[PDB]
Number of protein chains: 6
Amino acid sequence: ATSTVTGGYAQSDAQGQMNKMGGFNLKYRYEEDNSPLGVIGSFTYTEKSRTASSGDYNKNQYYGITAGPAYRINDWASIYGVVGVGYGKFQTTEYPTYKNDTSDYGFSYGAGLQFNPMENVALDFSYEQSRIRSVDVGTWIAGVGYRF
Amino acid sequence: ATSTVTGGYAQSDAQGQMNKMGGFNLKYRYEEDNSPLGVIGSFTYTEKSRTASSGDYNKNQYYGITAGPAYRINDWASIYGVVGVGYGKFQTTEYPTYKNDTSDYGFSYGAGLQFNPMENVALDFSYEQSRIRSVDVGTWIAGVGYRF
Amino acid sequence: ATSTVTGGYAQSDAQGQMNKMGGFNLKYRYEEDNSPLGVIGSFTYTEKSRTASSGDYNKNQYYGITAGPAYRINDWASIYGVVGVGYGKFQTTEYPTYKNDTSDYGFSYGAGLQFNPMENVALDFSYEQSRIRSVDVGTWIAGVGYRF
Amino acid sequence: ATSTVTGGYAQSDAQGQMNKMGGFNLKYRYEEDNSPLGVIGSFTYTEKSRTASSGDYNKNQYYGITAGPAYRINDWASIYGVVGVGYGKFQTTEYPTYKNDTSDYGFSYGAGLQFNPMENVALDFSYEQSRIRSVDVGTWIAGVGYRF
Amino acid sequence: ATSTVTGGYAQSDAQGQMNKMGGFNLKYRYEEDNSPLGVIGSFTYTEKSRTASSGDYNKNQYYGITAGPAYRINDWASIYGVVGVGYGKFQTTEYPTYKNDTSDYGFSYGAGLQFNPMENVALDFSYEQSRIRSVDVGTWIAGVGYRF
Amino acid sequence: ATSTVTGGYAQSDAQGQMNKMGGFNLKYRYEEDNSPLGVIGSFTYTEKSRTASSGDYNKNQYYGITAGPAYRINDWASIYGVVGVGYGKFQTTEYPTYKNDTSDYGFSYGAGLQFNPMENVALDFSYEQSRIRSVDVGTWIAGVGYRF
């Protein structure tokens, strides 16, 4: 009966050192008109590239694909929790021509909320966490969209 | 609870001169068994290519991605309105080898109806309009499908 | 209100001779909290490759894309029926360099069931059948997933 | 010591029925300043596509890659003979969606001449023949270029 | 009988405003042991990208493919002249999503020299000029390589 | 004045452990009619893939691109030496989804001979050696071809 589609800026940060990996998030939620329980799917992508004067180049990409239950608390607030899979791809080119690329999948989970300040508008805020090998990647998301 | 999937022929026409740009549309609608309000997403794609004896070639493609509320009026009729984004890509090859390609996005909106002459069948008719720079693109769609 | 996502192993077998074509299936089902009728979409892909000492190589791929109604019988059992389209691609390289590739679409249908031994878990079992030219392809699927 | 590069129009014709398959040829020849014997390599590509009102579509492509000795007879005339490999790719889409593609290699040979009406100019005329399965493909070529 | 292969840095500059477009050049020359006249082919590629704080992005690429006679003056010096074709591709993305891409071919010519300070070593210096529409692109090249 | 084109089987072996990496080589040589010194360019490619019951997969590819002087000793024998660059790409997928890919370039050199048992035929035998990081890759080649 109702769908909400939001998009915004996402920012990841891993165990200390990889700095801030920037990007975006999209979410699609569905609700019934006569039940407070629905579902929400999320797509997050962040990245960062570090080049140089030397020549050494490195590029990190993070993908987060999650889904879970969403619960409407009142006409202007809802909360949700999501689980799924995180994917990271690290590229490194060591001057002048050595190239080494590694990728792996890991478990991902998250939780968020949505507010409806106007009935057809949504403000979305969530946090997502992924493990991937032994590196804990945490991402914060602030989005906006429409409920139709 | 119910979904309806329809597909058909789409035909676009822009501010006068680009002639008839032909193609297709697909829509996916979802309804609850106990609410008349649901949602519908639409995908439209049209195109046209003009070649020659000279050599000058041009190709225009239009993409329309929209979504919105659908309201069931009775067992055989429903109406919906959609909003989203239109995308146009104009290619021109000026003989013998000059190539110039331009693309942009714009706001899109539309409205339609669906009839169910039999309970598991749907007849879909809609009109979509996109702006894209200063060119108003209007597309008419007639589709058929199944409700399951 | 509820979604169930399952994945598993799929195994196809065609009119006698193509042996067992192995692969996978994914399904996405949606249910309302206050109606036993919902919908389920299915994606199946199987394949097989036969090489040699001689050199003759052949590769067969099968894709099945179906959707239909799902009906919840009680808290732990549901049944569904699906219809859609099957696609097959047969590749053959006759030594030392002749290559012949053929592909076509046909009608597909299937039926299955799902059990929920725990409320957020699903066990999925279905059978899918496709025609494609004059070759009847039948595929068996056993999957597992989560309901959220 | 000297090179000649020519390009022109090529036209193939196979055992009767495939009509005229149109396209192009490029050749690169090399000569020594103090020997009349040199070498020449050739690249030929032709094609034809037949569409419809019905829907049946077919596309034929021919590639010819050959090389051999070139002999300069006087300051304005040379003759050459080439051998190598021909490649043909036949595509057929039988309405509404059956697709069948076949390709194979075969022996190719050819012979030609070049005239130099001015010392830095060349006029090239050759004929190429390929077998490929049991289909004899014969191609005529008329090119022009520069000797530097 | 002898070949020389050199590579180096290339830098283009067009009618005033496009600044310095950086890149590389490769050349392959061939000589006979008993004639001072031979041939040389050249491949040049340069580029430049300008991004921003605003968002407007532009990317210019230049390709130069030329060939011509090379004349050995003594054991350590040779001169050559080349002619061929220049290709330029200008990309521009006007924020937030307008994209306009244009490309064309034009005549190219150049001239250079090579020194052999040691018999198996070469130092290459040349200048290339291309027109392309009405924009005169001039490129300077300094390369090094081996004669074998 | 004369060219010789040969192709054959190549087999690489690295410092002990990577076993036998199989593949091919192509060479193009050019000779003048009145000098025993000419040039020859070589392209070598070998590979090996190791899969499993477990799931761990690894794939190694080796590319060798070399060129150098060729000297004709008599009407039936010639010797040559080549230098250039070797490239290796090692892929490893650690079950169930970790992927790690590394590539680098290194110096390559080789030496060979060619016999002409008949004037338009050639038998080619060479050995190529590449370093690439700290791994010494040695490849043996036996080819056949035509002199025209």
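Note that chain D carries Swiss-Prot numbering, so the residues on display, from first to last, are 24-171.
Every residue gets a Cβ built from N, Cα and C, even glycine.
Both D:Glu55 and D:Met141 belong to one identically named topological domain in Swiss-Prot, hence to the same side of the membrane. A Cβ distance under 8 Å defines the sequence-distant neighbours of the transmembrane segment (D:161-170), meaning residues of its chain 6+ beyond its ends; these are 25-37, 48-50, 67, 69, 85, 87, 135, 139, 142-153.
With a threshold of 8 Å between CB atoms, the same-chain residues lying at least 6 positions outside the topological domain 'Extracellular' (D:36-44) that come near it are 69-71, 83, 85, 158-162.
For the transmembrane segment (D:144-153), same-chain residues at least 6 beyond its ends with a Cβ under 8 Å from one of its own Cβ atoms are 27, 29, 31, 48, 50, 65, 67, 85, 87, 89, 103, 105, 109, 111, 129-138, 159-170.
With a threshold of 8 Å between CB atoms, the same-chain residues lying at least 6 positions outside the topological domain 'Periplasmic' (D:140-143) that come near it are 98-99, 169-171.
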